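J.: This is the structure I have questions about; it appears just below.
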RNA sequence: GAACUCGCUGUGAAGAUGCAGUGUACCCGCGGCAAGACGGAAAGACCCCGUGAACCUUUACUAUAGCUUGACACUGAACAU
């Protein structure tokens, strides 16, 4: 879905991008291993402040 | 069911101890033979009926477990076409 990147990711990422990703590549790789977070419109200001 | 519980011919729900005709027979036990009724091995074998029941078979009908097919979900990324 709408996850935002956080790292030195390959060629879809620029340290934070709103992309259209699938659910299976979202969880177990990008959810809790690091590097992403689901964009529930509360975290879009919270981690950009970080 | 009750009996004071004879044999013939005939009649009769059509094979009569009981009806009609006729014949015979003192009253009552006992031991036997099984011909009739009455039971037994019960014909719990033969047949029909019920818009009865039960199992069983199948290319009866309608379903279903199982097996099997595809879609979607669990389920992703890099390339090449």
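All Cβ positions, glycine included, derive from the backbone under ideal geometry; neighbour counts span all protein chains shown. Values in this text are rule-based calculations from the coordinates and carry no lab data.
J.: So is residue A:10 without any contact (Cβ under 8 Å) to a residue 60 or more places away in the chain and out of contact with any strand residue (DSSP E or B) (no Cβ under 8 Å at 6 or more places or on another chain) or not?
T.: Numbers: without any contact (Cβ under 8 Å) to a residue 60 or more places away in the chain: yes; out of contact with any strand residue (DSSP E or B) (no Cβ under 8 Å at 6 or more places or on another chain): yes.
So residue A:10 fits the description; yes.
J.: If the Cβ limit is 6 Å and pairs must be 6+ apart or interchain, which residue in segment A:16-43 that is part of a helix (DSSP H, G or I) pairs with which residue that is surrounded by 11 or more Cβ atoms within 10 Å (Cβ to Cβ)?
T.: A:26/A:3; A:30/A:3; A:30/A:36; A:43/A:37
J.: Inspect all residues belonging to segment A:21-39 and state whether any of them is touching a helix residue (DSSP H, G or I) at 6+ places or on another chain (Cβ under 7 Å) and surrounded by 14 or more Cβ atoms within 10 Å (Cβ to Cβ).
T.: Taking segment A:21-39 first, the residues touching a helix residue (DSSP H, G or I) at 6+ places or on another chain (Cβ under 7 Å) are A:36-37.
After this cut, where a residue has to be surrounded by 14 or more Cβ atoms within 10 Å (Cβ to Cβ) as well, the list is A:36-37.
Scanning segment A:21-39 turns up at least one residue that is touching a helix residue (DSSP H, G or I) at 6+ places or on another chain (Cβ under 7 Å) and surrounded by 14 or more Cβ atoms within 10 Å (Cβ to Cβ).
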